[PDB]
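Here is model.cif, consisting of mmCIF, C-alpha atoms; chains and numbers go by the auth columns:
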```
data_my_file
loop_
_atom_site.group_PDB
_atom_site.id
_atom_site.type_symbol
_atom_site.label_atom_id
_atom_site.label_comp_id
_atom_site.label_asym_id
_atom_site.label_seq_id
_atom_site.Cartn_x
_atom_site.Cartn_y
_atom_site.Cartn_z
_atom_site.B_iso_or_equiv
_atom_site.auth_seq_id
_atom_site.auth_asym_id
ATOM 1 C CA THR A 1 13.769 -2.334 -24.827 0.00 1 A
ATOM 2 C CA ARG A 2 15.227 0.054 -22.237 0.00 2 A
ATOM 3 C CA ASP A 3 11.852 1.765 -21.677 0.00 3 A
ATOM 4 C CA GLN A 4 10.811 0.829 -18.132 0.00 4 A
ATOM 5 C CA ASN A 5 8.258 3.615 -17.613 0.00 5 A
ATOM 6 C CA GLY A 6 4.722 2.919 -16.440 0.00 6 A
ATOM 7 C CA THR A 7 2.890 1.258 -13.578 0.00 7 A
ATOM 8 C CA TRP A 8 3.795 -2.386 -12.955 0.00 8 A
ATOM 9 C CA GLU A 9 1.663 -4.827 -10.954 0.00 9 A
ATOM 10 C CA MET A 10 3.142 -8.035 -9.568 0.00 10 A
ATOM 11 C CA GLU A 11 1.909 -11.448 -10.693 0.00 11 A
ATOM 12 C CA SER A 12 4.681 -13.710 -9.336 0.00 12 A
ATOM 13 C CA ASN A 13 7.239 -13.589 -6.523 0.00 13 A
ATOM 14 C CA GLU A 14 9.423 -16.662 -5.956 0.00 14 A
ATOM 15 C CA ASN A 15 11.965 -16.952 -3.117 0.00 15 A
ATOM 16 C CA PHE A 16 10.986 -13.622 -1.571 0.00 16 A
ATOM 17 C CA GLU A 17 11.421 -15.318 1.816 0.00 17 A
ATOM 18 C CA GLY A 18 14.981 -16.447 1.107 0.00 18 A
ATOM 19 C CA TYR A 19 16.031 -12.993 -0.087 0.00 19 A
ATOM 20 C CA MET A 20 14.564 -11.430 3.064 0.00 20 A
ATOM 21 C CA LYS A 21 16.275 -14.042 5.249 0.00 21 A
ATOM 22 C CA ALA A 22 19.620 -13.238 3.623 0.00 22 A
ATOM 23 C CA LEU A 23 18.827 -9.545 4.200 0.00 23 A
ATOM 24 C CA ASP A 24 18.564 -10.159 7.986 0.00 24 A
ATOM 25 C CA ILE A 25 14.988 -8.828 7.941 0.00 25 A
ATOM 26 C CA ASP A 26 13.276 -9.814 11.184 0.00 26 A
ATOM 27 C CA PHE A 27 10.990 -12.843 11.273 0.00 27 A
ATOM 28 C CA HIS A 28 7.790 -10.927 12.047 0.00 28 A
ATOM 29 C CA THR A 29 8.343 -8.440 9.216 0.00 29 A
ATOM 30 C CA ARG A 30 9.142 -11.322 6.853 0.00 30 A
ATOM 31 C CA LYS A 31 5.763 -12.982 7.409 0.00 31 A
ATOM 32 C CA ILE A 32 3.722 -9.832 6.790 0.00 32 A
ATOM 33 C CA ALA A 33 5.609 -8.929 3.605 0.00 33 A
ATOM 34 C CA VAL A 34 5.759 -12.465 2.158 0.00 34 A
ATOM 35 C CA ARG A 35 2.037 -12.349 1.272 0.00 35 A
ATOM 36 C CA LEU A 36 1.559 -8.835 -0.135 0.00 36 A
ATOM 37 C CA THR A 37 1.300 -7.884 -3.793 0.00 37 A
ATOM 38 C CA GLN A 38 3.690 -5.237 -5.090 0.00 38 A
ATOM 39 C CA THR A 39 3.192 -2.242 -7.375 0.00 39 A
ATOM 40 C CA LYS A 40 6.122 -0.538 -9.106 0.00 40 A
ATOM 41 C CA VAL A 41 5.740 2.971 -10.544 0.00 41 A
ATOM 42 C CA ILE A 42 8.825 3.796 -12.623 0.00 42 A
ATOM 43 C CA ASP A 43 9.469 7.363 -13.799 0.00 43 A
ATOM 44 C CA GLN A 44 12.494 7.252 -16.112 0.00 44 A
ATOM 45 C CA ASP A 45 13.877 10.097 -18.242 0.00 45 A
ATOM 46 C CA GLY A 46 16.977 8.976 -20.111 0.00 46 A
ATOM 47 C CA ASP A 47 19.439 7.745 -17.487 0.00 47 A
ATOM 48 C CA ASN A 48 17.514 9.147 -14.499 0.00 48 A
ATOM 49 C CA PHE A 49 15.088 6.895 -12.628 0.00 49 A
ATOM 50 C CA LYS A 50 12.565 7.492 -9.853 0.00 50 A
ATOM 51 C CA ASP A 51 11.589 4.009 -8.661 0.00 51 A
ATOM 52 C CA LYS A 52 8.548 3.616 -6.399 0.00 52 A
ATOM 53 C CA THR A 53 7.683 0.258 -4.811 0.00 53 A
ATOM 54 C CA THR A 54 4.345 0.107 -2.976 0.00 54 A
ATOM 55 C CA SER A 55 3.430 -3.120 -1.149 0.00 55 A
ATOM 56 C CA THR A 56 -0.305 -3.471 -0.515 0.00 56 A
ATOM 57 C CA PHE A 57 -2.475 -5.947 1.398 0.00 57 A
ATOM 58 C CA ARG A 58 -6.001 -5.057 0.294 0.00 58 A
ATOM 59 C CA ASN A 59 -7.871 -2.216 -1.392 0.00 59 A
ATOM 60 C CA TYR A 60 -11.499 -1.281 -0.757 0.00 60 A
ATOM 61 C CA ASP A 61 -13.441 1.061 -3.036 0.00 61 A
ATOM 62 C CA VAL A 62 -16.910 2.514 -2.463 0.00 62 A
ATOM 63 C CA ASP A 63 -18.808 5.026 -4.610 0.00 63 A
ATOM 64 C CA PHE A 64 -21.947 6.888 -3.579 0.00 64 A
ATOM 65 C CA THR A 65 -23.975 10.076 -3.908 0.00 65 A
ATOM 66 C CA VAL A 66 -25.007 12.008 -0.803 0.00 66 A
ATOM 67 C CA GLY A 67 -28.692 11.407 -0.124 0.00 67 A
ATOM 68 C CA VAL A 68 -29.009 8.266 -2.272 0.00 68 A
ATOM 69 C CA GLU A 69 -29.387 4.963 -0.442 0.00 69 A
ATOM 70 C CA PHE A 70 -27.261 2.208 -1.961 0.00 70 A
ATOM 71 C CA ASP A 71 -26.353 -1.411 -1.278 0.00 71 A
ATOM 72 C CA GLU A 72 -22.712 -1.695 -0.199 0.00 72 A
ATOM 73 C CA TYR A 73 -21.317 -5.224 -0.509 0.00 73 A
ATOM 74 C CA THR A 74 -18.219 -5.245 1.715 0.00 74 A
ATOM 75 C CA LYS A 75 -16.274 -7.717 -0.405 0.00 75 A
ATOM 76 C CA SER A 76 -12.832 -8.654 0.983 0.00 76 A
ATOM 77 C CA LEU A 77 -13.923 -7.133 4.334 0.00 77 A
ATOM 78 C CA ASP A 78 -16.706 -8.948 6.240 0.00 78 A
ATOM 79 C CA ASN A 79 -18.543 -9.780 2.978 0.00 79 A
ATOM 80 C CA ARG A 80 -21.988 -8.535 3.979 0.00 80 A
ATOM 81 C CA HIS A 81 -24.837 -6.539 2.468 0.00 81 A
ATOM 82 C CA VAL A 82 -25.738 -3.266 4.195 0.00 82 A
ATOM 83 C CA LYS A 83 -28.168 -0.534 3.147 0.00 83 A
ATOM 84 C CA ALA A 84 -25.998 2.582 3.378 0.00 84 A
ATOM 85 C CA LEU A 85 -27.026 6.240 3.249 0.00 85 A
ATOM 86 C CA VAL A 86 -24.534 9.115 3.404 0.00 86 A
ATOM 87 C CA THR A 87 -25.790 12.539 4.502 0.00 87 A
ATOM 88 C CA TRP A 88 -24.333 15.872 5.580 0.00 88 A
ATOM 89 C CA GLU A 89 -24.721 16.761 9.252 0.00 89 A
ATOM 90 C CA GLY A 90 -23.039 20.128 8.851 0.00 90 A
ATOM 91 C CA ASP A 91 -19.595 19.762 7.311 0.00 91 A
ATOM 92 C CA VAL A 92 -19.267 16.265 8.810 0.00 92 A
ATOM 93 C CA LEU A 93 -20.064 13.318 6.536 0.00 93 A
ATOM 94 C CA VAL A 94 -22.266 10.779 8.332 0.00 94 A
ATOM 95 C CA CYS A 95 -23.114 7.332 6.973 0.00 95 A
ATOM 96 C CA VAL A 96 -25.480 4.743 8.436 0.00 96 A
ATOM 97 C CA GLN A 97 -25.016 1.133 7.298 0.00 97 A
ATOM 98 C CA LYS A 98 -28.360 -0.532 7.987 0.00 98 A
ATOM 99 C CA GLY A 99 -27.881 -4.293 7.924 0.00 99 A
ATOM 100 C CA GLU A 100 -27.179 -7.400 9.985 0.00 100 A
ATOM 101 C CA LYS A 101 -25.017 -5.358 12.370 0.00 101 A
ATOM 102 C CA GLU A 102 -26.096 -2.691 14.851 0.00 102 A
ATOM 103 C CA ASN A 103 -24.731 0.856 15.165 0.00 103 A
ATOM 104 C CA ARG A 104 -22.693 0.292 11.998 0.00 104 A
ATOM 105 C CA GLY A 105 -21.437 3.305 10.080 0.00 105 A
ATOM 106 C CA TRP A 106 -18.759 5.957 9.856 0.00 106 A
ATOM 107 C CA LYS A 107 -18.251 9.711 10.133 0.00 107 A
ATOM 108 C CA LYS A 108 -15.875 11.846 8.052 0.00 108 A
ATOM 109 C CA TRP A 109 -15.014 15.516 8.466 0.00 109 A
ATOM 110 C CA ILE A 110 -12.151 17.792 7.436 0.00 110 A
ATOM 111 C CA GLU A 111 -10.304 20.538 9.282 0.00 111 A
ATOM 112 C CA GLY A 112 -7.207 22.212 7.896 0.00 112 A
ATOM 113 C CA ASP A 113 -5.425 19.331 6.179 0.00 113 A
ATOM 114 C CA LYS A 114 -6.431 16.570 8.601 0.00 114 A
ATOM 115 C CA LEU A 115 -9.108 13.979 7.797 0.00 115 A
ATOM 116 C CA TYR A 116 -11.004 12.837 10.885 0.00 116 A
ATOM 117 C CA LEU A 117 -12.636 9.439 10.385 0.00 117 A
ATOM 118 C CA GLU A 118 -14.497 7.373 12.980 0.00 118 A
ATOM 119 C CA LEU A 119 -15.715 3.828 12.318 0.00 119 A
ATOM 120 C CA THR A 120 -18.437 2.319 14.511 0.00 120 A
ATOM 121 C CA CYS A 121 -19.861 -1.192 14.786 0.00 121 A
ATOM 122 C CA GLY A 122 -21.864 -2.431 17.745 0.00 122 A
ATOM 123 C CA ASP A 123 -20.177 -0.775 20.715 0.00 123 A
ATOM 124 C CA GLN A 124 -16.684 -0.491 19.178 0.00 124 A
ATOM 125 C CA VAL A 125 -15.315 2.774 17.773 0.00 125 A
ATOM 126 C CA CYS A 126 -12.137 3.181 15.713 0.00 126 A
ATOM 127 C CA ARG A 127 -10.640 6.678 15.449 0.00 127 A
ATOM 128 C CA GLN A 128 -8.347 7.409 12.495 0.00 128 A
ATOM 129 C CA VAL A 129 -6.700 10.695 11.507 0.00 129 A
ATOM 130 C CA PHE A 130 -5.204 11.305 8.053 0.00 130 A
ATOM 131 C CA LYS A 131 -2.817 14.120 7.160 0.00 131 A
ATOM 132 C CA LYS A 132 -3.043 15.080 3.501 0.00 132 A
ATOM 133 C CA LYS A 133 -0.311 13.999 1.092 0.00 133 A
ATOM 134 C CA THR B 1 -15.393 22.516 4.974 0.00 1 B
ATOM 135 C CA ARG B 2 -17.311 20.028 2.818 0.00 2 B
ATOM 136 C CA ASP B 3 -14.379 19.243 0.478 0.00 3 B
ATOM 137 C CA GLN B 4 -12.542 16.000 1.284 0.00 4 B
ATOM 138 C CA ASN B 5 -10.867 15.558 -2.112 0.00 5 B
ATOM 139 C CA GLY B 6 -7.235 14.482 -2.294 0.00 6 B
ATOM 140 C CA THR B 7 -4.862 11.760 -1.158 0.00 7 B
ATOM 141 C CA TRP B 8 -4.693 11.171 2.598 0.00 8 B
ATOM 142 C CA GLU B 9 -2.022 9.344 4.604 0.00 9 B
ATOM 143 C CA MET B 10 -2.817 7.719 7.942 0.00 10 B
ATOM 144 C CA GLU B 11 -1.417 9.461 11.033 0.00 11 B
ATOM 145 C CA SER B 12 -3.166 7.623 13.891 0.00 12 B
ATOM 146 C CA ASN B 13 -5.335 4.520 14.231 0.00 13 B
ATOM 147 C CA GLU B 14 -6.778 3.614 17.642 0.00 14 B
ATOM 148 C CA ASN B 15 -8.979 0.552 18.256 0.00 15 B
ATOM 149 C CA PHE B 16 -8.828 -0.624 14.646 0.00 16 B
ATOM 150 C CA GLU B 17 -8.656 -4.196 15.964 0.00 17 B
ATOM 151 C CA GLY B 18 -11.787 -3.854 18.095 0.00 18 B
ATOM 152 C CA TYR B 19 -13.725 -2.440 15.149 0.00 19 B
ATOM 153 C CA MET B 20 -12.680 -5.389 12.980 0.00 20 B
ATOM 154 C CA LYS B 21 -13.427 -7.715 15.901 0.00 21 B
ATOM 155 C CA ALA B 22 -16.937 -6.238 15.926 0.00 22 B
ATOM 156 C CA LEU B 23 -17.290 -6.891 12.180 0.00 23 B
ATOM 157 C CA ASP B 24 -16.184 -10.498 12.889 0.00 24 B
ATOM 158 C CA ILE B 25 -13.213 -9.986 10.578 0.00 25 B
ATOM 159 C CA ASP B 26 -11.291 -13.233 10.160 0.00 26 B
ATOM 160 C CA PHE B 27 -8.335 -13.580 12.525 0.00 27 B
ATOM 161 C CA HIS B 28 -5.756 -14.174 9.780 0.00 28 B
ATOM 162 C CA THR B 29 -6.761 -10.863 8.184 0.00 29 B
ATOM 163 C CA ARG B 30 -7.022 -8.964 11.483 0.00 30 B
ATOM 164 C CA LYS B 31 -3.465 -9.560 12.711 0.00 31 B
ATOM 165 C CA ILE B 32 -2.095 -8.374 9.364 0.00 32 B
ATOM 166 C CA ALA B 33 -4.388 -5.365 8.929 0.00 33 B
ATOM 167 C CA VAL B 34 -3.715 -3.823 12.351 0.00 34 B
ATOM 168 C CA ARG B 35 0.035 -3.657 11.653 0.00 35 B
ATOM 169 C CA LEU B 36 -0.322 -1.790 8.334 0.00 36 B
ATOM 170 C CA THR B 37 -0.770 1.911 7.644 0.00 37 B
ATOM 171 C CA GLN B 38 -3.520 3.157 5.340 0.00 38 B
ATOM 172 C CA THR B 39 -3.975 5.535 2.415 0.00 39 B
ATOM 173 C CA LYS B 40 -7.246 7.104 1.269 0.00 40 B
ATOM 174 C CA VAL B 41 -7.770 8.786 -2.110 0.00 41 B
ATOM 175 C CA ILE B 42 -11.104 10.626 -2.250 0.00 42 B
ATOM 176 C CA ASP B 43 -12.396 11.813 -5.628 0.00 43 B
ATOM 177 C CA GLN B 44 -15.196 14.257 -4.818 0.00 44 B
ATOM 178 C CA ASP B 45 -17.293 16.424 -7.153 0.00 45 B
ATOM 179 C CA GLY B 46 -20.077 18.023 -5.143 0.00 46 B
ATOM 180 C CA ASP B 47 -22.088 15.330 -3.381 0.00 47 B
ATOM 181 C CA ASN B 48 -20.706 12.617 -5.696 0.00 48 B
ATOM 182 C CA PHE B 49 -17.954 10.695 -3.899 0.00 49 B
ATOM 183 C CA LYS B 50 -15.498 8.016 -5.031 0.00 50 B
ATOM 184 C CA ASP B 51 -13.664 6.614 -1.999 0.00 51 B
ATOM 185 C CA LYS B 52 -10.642 4.298 -2.200 0.00 52 B
ATOM 186 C CA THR B 53 -8.843 2.880 0.846 0.00 53 B
ATOM 187 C CA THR B 54 -5.676 0.764 0.780 0.00 54 B
ATOM 188 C CA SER B 55 -3.792 -1.273 3.389 0.00 55 B
ATOM 189 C CA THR B 56 -0.099 -0.681 2.751 0.00 56 B
ATOM 190 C CA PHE B 57 2.881 -1.570 5.014 0.00 57 B
ATOM 191 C CA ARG B 58 6.162 0.112 4.051 0.00 58 B
ATOM 192 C CA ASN B 59 6.955 1.902 0.795 0.00 59 B
ATOM 193 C CA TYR B 60 10.443 2.145 -0.685 0.00 60 B
ATOM 194 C CA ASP B 61 11.621 4.789 -3.151 0.00 61 B
ATOM 195 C CA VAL B 62 15.054 5.147 -4.742 0.00 62 B
ATOM 196 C CA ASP B 63 16.504 7.737 -7.128 0.00 63 B
ATOM 197 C CA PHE B 64 19.570 7.152 -9.284 0.00 64 B
ATOM 198 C CA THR B 65 21.355 8.234 -12.442 0.00 65 B
ATOM 199 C CA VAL B 66 22.689 5.354 -14.530 0.00 66 B
ATOM 200 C CA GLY B 67 26.452 5.285 -14.020 0.00 67 B
ATOM 201 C CA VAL B 68 26.490 7.577 -10.961 0.00 68 B
ATOM 202 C CA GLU B 69 27.254 5.801 -7.693 0.00 69 B
ATOM 203 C CA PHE B 70 25.119 7.029 -4.805 0.00 70 B
ATOM 204 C CA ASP B 71 24.406 6.411 -1.123 0.00 71 B
ATOM 205 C CA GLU B 72 21.552 3.927 -0.667 0.00 72 B
ATOM 206 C CA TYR B 73 20.371 3.944 2.937 0.00 73 B
ATOM 207 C CA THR B 74 18.077 0.935 2.729 0.00 74 B
ATOM 208 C CA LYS B 75 15.365 2.476 4.895 0.00 75 B
ATOM 209 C CA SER B 76 12.163 0.387 5.190 0.00 76 B
ATOM 210 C CA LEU B 77 14.261 -2.705 4.375 0.00 77 B
ATOM 211 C CA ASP B 78 17.218 -3.490 6.688 0.00 78 B
ATOM 212 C CA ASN B 79 18.537 0.113 7.029 0.00 79 B
ATOM 213 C CA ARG B 80 22.092 -0.692 6.048 0.00 80 B
ATOM 214 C CA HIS B 81 24.215 1.783 4.100 0.00 81 B
ATOM 215 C CA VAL B 82 25.351 0.541 0.681 0.00 82 B
ATOM 216 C CA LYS B 83 26.939 2.575 -2.120 0.00 83 B
ATOM 217 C CA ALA B 84 24.905 1.411 -5.108 0.00 84 B
ATOM 218 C CA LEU B 85 25.873 1.772 -8.765 0.00 85 B
ATOM 219 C CA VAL B 86 23.349 1.197 -11.559 0.00 86 B
ATOM 220 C CA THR B 87 24.676 0.320 -15.014 0.00 87 B
ATOM 221 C CA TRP B 88 23.291 -0.989 -18.292 0.00 88 B
ATOM 222 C CA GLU B 89 24.103 -4.416 -19.729 0.00 89 B
ATOM 223 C CA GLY B 90 22.334 -4.560 -23.070 0.00 90 B
ATOM 224 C CA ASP B 91 18.764 -3.766 -22.036 0.00 91 B
ATOM 225 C CA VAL B 92 19.205 -5.230 -18.530 0.00 92 B
ATOM 226 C CA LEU B 93 19.474 -2.686 -15.708 0.00 93 B
ATOM 227 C CA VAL B 94 22.103 -4.032 -13.291 0.00 94 B
ATOM 228 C CA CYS B 95 22.710 -2.569 -9.829 0.00 95 B
ATOM 229 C CA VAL B 96 25.453 -3.547 -7.372 0.00 96 B
ATOM 230 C CA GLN B 97 25.055 -2.634 -3.691 0.00 97 B
ATOM 231 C CA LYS B 98 28.524 -2.856 -2.164 0.00 98 B
ATOM 232 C CA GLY B 99 28.305 -3.244 1.602 0.00 99 B
ATOM 233 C CA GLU B 100 28.273 -5.725 4.473 0.00 100 B
ATOM 234 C CA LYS B 101 26.351 -8.280 2.388 0.00 101 B
ATOM 235 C CA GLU B 102 28.034 -10.128 -0.466 0.00 102 B
ATOM 236 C CA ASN B 103 26.538 -10.402 -3.964 0.00 103 B
ATOM 237 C CA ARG B 104 23.866 -7.834 -3.081 0.00 104 B
ATOM 238 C CA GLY B 105 21.996 -6.046 -5.852 0.00 105 B
ATOM 239 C CA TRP B 106 19.306 -6.567 -8.454 0.00 106 B
ATOM 240 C CA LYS B 107 18.623 -6.819 -12.182 0.00 107 B
ATOM 241 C CA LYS B 108 15.656 -5.217 -13.944 0.00 108 B
ATOM 242 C CA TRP B 109 14.738 -5.730 -17.599 0.00 109 B
ATOM 243 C CA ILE B 110 11.683 -5.571 -19.865 0.00 110 B
ATOM 244 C CA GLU B 111 10.332 -8.262 -22.211 0.00 111 B
ATOM 245 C CA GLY B 112 7.094 -7.308 -23.932 0.00 112 B
ATOM 246 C CA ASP B 113 4.366 -6.203 -21.530 0.00 113 B
ATOM 247 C CA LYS B 114 6.169 -7.467 -18.418 0.00 114 B
ATOM 248 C CA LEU B 115 8.825 -6.161 -16.036 0.00 115 B
ATOM 249 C CA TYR B 116 11.353 -8.680 -14.710 0.00 116 B
ATOM 250 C CA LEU B 117 13.094 -8.119 -11.370 0.00 117 B
ATOM 251 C CA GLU B 118 15.874 -10.322 -9.951 0.00 118 B
ATOM 252 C CA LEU B 119 17.021 -9.358 -6.445 0.00 119 B
ATOM 253 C CA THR B 120 20.126 -11.127 -5.127 0.00 120 B
ATOM 254 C CA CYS B 121 21.706 -11.160 -1.661 0.00 121 B
ATOM 255 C CA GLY B 122 24.656 -13.524 -1.332 0.00 122 B
ATOM 256 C CA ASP B 123 23.290 -17.063 -1.401 0.00 123 B
ATOM 257 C CA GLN B 124 19.688 -16.151 -2.262 0.00 124 B
ATOM 258 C CA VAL B 125 17.994 -14.906 -5.435 0.00 125 B
ATOM 259 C CA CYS B 126 14.434 -13.559 -5.546 0.00 126 B
ATOM 260 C CA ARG B 127 12.753 -13.223 -8.945 0.00 127 B
ATOM 261 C CA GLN B 128 9.576 -11.220 -9.563 0.00 128 B
ATOM 262 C CA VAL B 129 7.497 -10.578 -12.685 0.00 129 B
ATOM 263 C CA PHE B 130 5.261 -7.524 -13.084 0.00 130 B
ATOM 264 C CA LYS B 131 2.759 -6.640 -15.804 0.00 131 B
ATOM 265 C CA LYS B 132 2.176 -3.158 -17.193 0.00 132 B
ATOM 266 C CA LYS B 133 -1.108 -1.644 -16.017 0.00 133 B
#
```
How does this structure look as structure tokens?
Amino acid sequence: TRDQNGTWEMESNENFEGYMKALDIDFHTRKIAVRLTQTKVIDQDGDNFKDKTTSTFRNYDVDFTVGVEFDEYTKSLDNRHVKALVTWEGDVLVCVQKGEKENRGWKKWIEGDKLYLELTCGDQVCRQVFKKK
Amino acid sequence: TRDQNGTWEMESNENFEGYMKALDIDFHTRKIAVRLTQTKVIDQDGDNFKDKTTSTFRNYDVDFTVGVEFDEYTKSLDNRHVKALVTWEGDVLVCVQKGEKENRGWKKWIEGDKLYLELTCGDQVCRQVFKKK
């Protein structure tokens, strides 16, 4: 069939290193990309294609309700159990992750179309900013 | 505002390594994760949240009409300029990327529930198999 539409998830990838070597792709980029799964989203209408190739390392999903304490197992991260509670401190979204670690949690808040996110653990703080897509 | 719904693309990321160092994230995972951008898709209905975070590294999109040669600037790959032409051969989608590299192109066809991709660059051939999600 000529119908290539849909979302396609990779299950095999042989000689991806040789094809990148022949493409003159630098050594450091080759080693990051050689161990990432691929996702192809093909939008085809007759003879017109819109091909989208996303290469991902790891996905992490968490679901919660504000005010309800839940157990968050950080699988594929540090693989720990933490008692997490997400509350509103204004329009900022605060979350404490009570567990084996100290001062562990995050803070989310929106302004305009920028997502401010701070991640804390022990005495380390990571500051990320996301512009909306 | 209290509405964080939507898809968010990472703009900045300071001290992401130190935060993962705090979490005792394994070294093999740390060196890869710090070099990759992130995407966050937040599904929010009131206080009910559904948070998804992905570790990416380089997307590639391409648009073409079958039979219409076009200018493929291979951005995110090797950023060479090749004039690609996509044609049908039975139900196999064949593309030839004429440029500095010989025998450069790919073949993309469907058999059942699986997408088959065969990227070639001179001496090397990479072959991938996807499954429909």
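What separates atom CA of residue 72 of chain B from atom CA of residue 97 of chain B is a distance of 8.0 Å.
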Hey, which bits of chain A sit within 6 Å of chain B, and for each residue what's the closest pair of atoms and how far apart in Å (one decimal), counting only C-alpha atoms, rows by chain and increasing number, as a tab-separated table?
```
residue	atom	partner	partner_atom	distance
A:1	CA	B:91	CA	5.9
A:2	CA	B:91	CA	5.2
A:7	CA	B:133	CA	5.5
A:8	CA	B:132	CA	4.6
A:9	CA	B:130	CA	5.0
A:10	CA	B:130	CA	4.1
A:11	CA	B:130	CA	5.7
A:12	CA	B:129	CA	5.4
A:13	CA	B:128	CA	4.5
A:14	CA	B:127	CA	5.6
A:15	CA	B:126	CA	4.8
A:16	CA	B:126	CA	5.3
A:18	CA	B:124	CA	5.8
A:19	CA	B:124	CA	5.3
A:25	CA	B:78	CA	5.9
A:47	CA	B:66	CA	5.0
A:48	CA	B:65	CA	4.5
A:49	CA	B:64	CA	5.6
A:50	CA	B:63	CA	4.8
A:51	CA	B:62	CA	5.4
A:52	CA	B:61	CA	4.6
A:53	CA	B:60	CA	5.3
A:54	CA	B:59	CA	4.9
A:55	CA	B:56	CA	5.8
A:56	CA	B:56	CA	4.3
A:57	CA	B:55	CA	5.2
A:58	CA	B:55	CA	5.4
A:59	CA	B:54	CA	4.3
A:60	CA	B:53	CA	5.2
A:61	CA	B:52	CA	4.4
A:62	CA	B:51	CA	5.2
A:63	CA	B:50	CA	4.5
A:64	CA	B:49	CA	5.5
A:65	CA	B:48	CA	4.5
A:66	CA	B:47	CA	5.1
A:78	CA	B:25	CA	5.7
A:91	CA	B:2	CA	5.0
A:121	CA	B:22	CA	5.9
A:124	CA	B:19	CA	5.4
A:126	CA	B:15	CA	4.8
A:127	CA	B:14	CA	5.4
A:128	CA	B:13	CA	4.5
A:129	CA	B:12	CA	5.3
A:130	CA	B:10	CA	4.3
A:131	CA	B:9	CA	5.5
A:132	CA	B:8	CA	4.3
A:133	CA	B:8	CA	5.4
```
What is the distance, in Å and to one decimal place, between atom CA of residue 34 of chain A and atom CA of residue 105 of chain B?
19.2 Å
May I have the centre and edge lengths, in Å to one decimal, of an axis-aligned box around the listed atoms of segment 67-85 of chain B with 8 Å added to every side, as AutoDock Vina command-line options?
```
--center_x 19.7 --center_y 2.0 --center_z -3.5 --size_x 31.1 --size_y 27.1 --size_z 37.0
```
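You will find atom CA of residue 81 of chain A at 12.8 Å from atom CA of residue 96 of chain A.
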